[PDB]
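A, B, C, D, E, F, G, H, I, J and K are the chain letters, set down in written order, and residue numbers restart from 1 in every chain.
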Amino acid sequence: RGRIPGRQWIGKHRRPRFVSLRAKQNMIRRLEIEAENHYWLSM
Amino acid sequence: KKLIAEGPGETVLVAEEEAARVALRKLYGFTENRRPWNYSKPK
Amino acid sequence: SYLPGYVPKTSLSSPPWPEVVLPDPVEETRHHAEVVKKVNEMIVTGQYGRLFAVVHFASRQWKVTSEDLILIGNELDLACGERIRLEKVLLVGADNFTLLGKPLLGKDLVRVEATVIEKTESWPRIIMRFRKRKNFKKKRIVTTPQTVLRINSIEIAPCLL
Amino acid sequence: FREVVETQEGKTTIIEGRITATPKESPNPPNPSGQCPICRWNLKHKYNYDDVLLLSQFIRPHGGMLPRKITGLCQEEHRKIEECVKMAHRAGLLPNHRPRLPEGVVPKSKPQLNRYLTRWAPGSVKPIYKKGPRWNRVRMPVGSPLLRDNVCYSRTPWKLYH
Amino acid sequence: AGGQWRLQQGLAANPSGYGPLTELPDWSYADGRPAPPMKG
Amino acid sequence: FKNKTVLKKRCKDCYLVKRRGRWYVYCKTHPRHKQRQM
Amino acid sequence: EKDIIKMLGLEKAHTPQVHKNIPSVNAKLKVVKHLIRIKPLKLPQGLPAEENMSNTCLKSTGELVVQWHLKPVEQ
Amino acid sequence: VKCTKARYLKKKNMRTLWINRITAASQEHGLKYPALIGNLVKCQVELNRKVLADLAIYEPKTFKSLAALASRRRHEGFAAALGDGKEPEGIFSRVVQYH
Amino acid sequence: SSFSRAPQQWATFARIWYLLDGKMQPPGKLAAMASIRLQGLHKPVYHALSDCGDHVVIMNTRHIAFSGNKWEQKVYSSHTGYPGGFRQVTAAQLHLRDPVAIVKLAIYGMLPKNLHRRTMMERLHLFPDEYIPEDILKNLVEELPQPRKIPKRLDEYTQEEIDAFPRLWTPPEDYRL
Amino acid sequence: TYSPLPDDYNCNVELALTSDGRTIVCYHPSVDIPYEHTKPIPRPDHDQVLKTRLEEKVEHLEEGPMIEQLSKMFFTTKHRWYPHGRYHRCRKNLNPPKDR
Amino acid sequence: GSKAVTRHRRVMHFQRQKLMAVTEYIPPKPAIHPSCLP
């Protein structure tokens, strides 16, 4: 039981992917670098 | 009541004999961790 | 008899770990000098046997002792029999004491010498690539120059102050 | 507190109530501004199901909870203690607060299973016969969500579902 | 391990970067003469 | 008992009780009002 | 975005490159701002001279020092 | 082809082995692996995992000293974090600056 | 150490016997501890092919405690192989049938899924109560600390501890508690 | 009284810094086992007219019983005890290299 | 593929899922719960 129809990560019905805590922290870490890039490009 | 030597073994007799060898090595200065032989040119 | 931040004792009132009280820096500075003096006297009086050292050489670290062999994975431009000093010593250890660099020990403190005893090449190393159904196949053989070093002596000087 | 004694003398029943000794709150609470017993002693978020010394003050002699109007607890804390007491009973930490049994009732022996952090009543829960896929796994709840805000001394947060 | 900490001390995140551990000569002649500079 | 996703009291004598992990509507006056959470 | 990375000399990752802080350069940097880290070059001892050209080191703080002794600070 | 690709795994597996061995030695002294490695770096001790694993096996007294040093540096970190800056830097927390 | 070569090797690779008390302990934490010891992962000389695992003796496995409602919810599934042979039992049912099965299954699932696993299980000695055979009792070396601290029941608190905890509220004198 | 680690099992660790602060000195003498913490070694283990002779009690066991005995004695599975074929026996290196 | 407007809630690209997770509303949390103060 518990089959995903067709291929897992494409199509209409897909296997749900969830966002882990460290995935969030990774994204926020790069958001901080880009925010600082904005600043040093302002002068 | 002071530990001169200690030896491992698979039997008490074997362990006791090994401990005697360890004590002899310490008494005679042939310990595994003794100062290595000096091969440097004589001064 | 209750301070403003007093909490009754519960399973979560305080942290699980025990409280640690570190020594007074002034009192510990005096204790440190005593320890250093004691170890220094052991060096002066020669109260050590075989020494070992951790040396950084050719990008990597080697735990060594007198009479050891180490296989350097490159050529060194030295004739066989030439004696050299290993200048990057991270650690020197004895039965009863150990000295640690931050990250490297001073050259006055420890001297590690070694001798080139062989200059050769490694056995043949096959490099082959293959991708199925793509007529993609290639083979290369490489032999890497090597140098064998013998550690002759590890000596320490009473320069701990 | 107030007791009640029923005495039948000469085919006559007399119902009377007497005032017994009453315990008093300890003096000088560390946070007099607090609006309930919990925050008056800076205990908010700092107690658990096994803190029977705390929990036992808010329960009846037979293990029942006391009304919130009497204790003075706030709804938030009153609900936390309510769940904590249920878990304390189920863990066997309140052996002197058992239910009242009528005369002539000796409970039949029942299998002893040591348990703790038991959210639900054992009899009301069904087996997890079908666990489900990893992305839709049926989980076994542990502890209570009411205590999610308790002080966490570890870097990992409390896992409430196993 | 420790990359962020090293950066906070003004050091290279990787200890293989700049500093005495990498740049100083690996060896010298026993007599005292310095070795030819390393290729890296 | 009729299975219901939404439990509703149908008279003043209906009372909501949670038993065996689910909510029930019980009514002594009109037993037909009895409902089980689905 | 691939082509601007080449134009800025950033083909190899984690390899610092120095660029002029001017509108034209900034215009390119903005296209690829999500791919790079921008920090100001700091010159605590001024610009390198001909005498000290060979003794410079770019630290992780962004300061380009003109003396690199590889020795501990006596202070 | 297997022989060629195995050169990557050999390096990977060796480091995994060192971490397992270092983890075991650290637990004997009540320290978790991340606590030992992290705090040794903060003491400017750059011993790599290969040497650390060798020390655990053949130099157990030196390893306990390293474990003690890491434990000491770890406690100094806690004291600093709990303080508001009033306290001076820990004796083992001072960093040797190079230029 | 200055030992002879053969005694030196014998000592380093010797098998230690550990004792673990399962009373009021969750089987998973017991299993995590036993698994490390049975594999040899607690030794700096560890290597997969060094067959360096130790003996683990777990007593009082009848008195393990699950958190939550795992007694009712956790199901153990097996299949005899015959049509209709699928069997599912709750942890409670299995425990009363076999007072060592739960701990044994928890350990078995944590060990590496290779041919060494069944050899490691031969070094595991599970006992439901506090009775341990004399031979096994004689070879024990060290008892491992229990992973879970057992909470005290209200009747186990000393009057000093009870007196130290403050009274938090004043009940009304006219309330029938 | 502060000690980073307990000093009662392996060695007495004392950590110190040099005055310059560039070297960490670690003094770690060994701790000897106390005499009180030891046990005594168990040295302690008729008009027979006829010389007592050695009696062979090594009755041969069949493969199954023998393997069960060995597996129980060494706490192993039966598999290790069964023989292997000629192909594997002749592949084993009988003069393997020896480091020390 | 599926059109931009669907009857079901279309699965998002993983990067977009992460974006949503990182930009969720965080309410202002007071130092002391207002119910615990006069």
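Methods note: a contact is a pair of C-beta atoms (placed from the backbone, for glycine too) under 8 Å apart; a residue touches a chain by one contact, two chains touch by 3 or more.
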Shared chain contacts [chain A and chain D, defined touch]: K
Touching both chain A and chain K (chains): D
Per-chain Cα centre nearest the global Cα centre, belonging to chain: H
Farthest chain relative to chain I (centres taken as mean CA coordinates): G
Highest-count interface - the chain pair sharing the most C-beta contacts: D-I
Where chain C and chain J are represented by their mean Cα positions, the distance between them in whole Å: 31
Distance from the mean Cα position of chain I to that of chain F, given in whole angstrom: 46
Geometric centre distance via CA averages, chain J-chain F, whole Å: 71
Interchain centroid distance [CA atoms averaged], chain B/chain G, Å: 60
Multi-chain contact residues (two or more partners), chain B: 31, 33
Interface hub residues of chain D, defined as touching at least two other chains: 29, 41, 43, 50, 53-54, 120, 125-126
Contacts with 2+ other chains: residues of chain K: none
Residues on chain D engaged by chain C in the complex (per definition of touch): 28-31, 41-43, 45-48, 50-51, 53-54, 150-151, 153
Contact footprint of chain H on chain I as seen in their complex: 41-47
Complex contact set, residues of chain E against chain G: 6-7, 10-13, 18-20, 23-24
Chain D residues within the chain I interface of the complex: 1-4, 17, 19, 22-26, 29, 37-38, 40-41, 43, 50, 52-54, 56-57, 60-61, 66, 70-72, 91-97, 111, 113-120, 122, 125-129, 140-143, 162
Touching residues (chain side chain A, partner chain D) in the complex: 1-2, 15-16, 18
